[PDB]
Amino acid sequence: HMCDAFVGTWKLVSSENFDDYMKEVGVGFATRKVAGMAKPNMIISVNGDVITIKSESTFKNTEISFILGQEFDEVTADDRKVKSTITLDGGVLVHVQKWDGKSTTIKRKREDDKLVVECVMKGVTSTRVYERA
């Protein structure tokens, strides 16, 4: 029952400072522009100890499956090859991605009927708000 309130199908309904976040991460111009248009569907499911998060959009379709606290390989939508660890901290799913001596943290939080996602790279924060599909 660890992630019950996250399970479901969610659709992006607002974005703030995302282009700047992607710049900070190192995404190039053309990818930033196309990726910034996307309205991804985030699909979260749990089977035993395995959590699966899928993101489907015109830009890219991605899927990760993981056990909390257990590092894995991820190729991100923008084609970074990262080492990821996802934990639960006070009811927030905290996803840390490490690559090339860099790190970014993506926090997924349930707030009212929304799922609020905060993406942080150094001093740059972006907020991505999702609602139930």
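From 1 onward, residues are counted along the sequence shown.
A.B. asks: Is the mean CA B factor in the deposited entry higher across 102-110 or across 74-82?
C.D. replies: Taking the mean C-alpha B-factor of 102-110 and of 74-82, the larger value falls to 74-82.
A.B. asks: Among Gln97, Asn47, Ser65, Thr58, where is the Cα B factor highest in this entry?
C.D. replies: By C-alpha B-factor in the record, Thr58 ranks first.
A.B. asks: For the chain shown, is the CA B-factor of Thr87 in the lowest, middle or highest third of its modelled residues?
C.D. replies: It falls in the bottom third of the chain.
A.B. asks: Going by the entry, which third of its chain does the Cα temperature factor of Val13 land in?
C.D. replies: For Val13, the deposited C-alpha B-factor lands in the highest third.
A.B. asks: Is the Cα B-factor recorded for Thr52 in the lowest, middle or highest third of its chain?
C.D. replies: Answer is lowest: the recorded C-alpha B-factor places it there.
A.B. asks: Looking at the entry's B-factor column for C-alpha atoms only, identify whether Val116 ranks in the lowest, middle or highest third of its chain.
C.D. replies: For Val116, whose C-alpha B-factor we compare with every modelled residue in the chain, the answer is the middle third.
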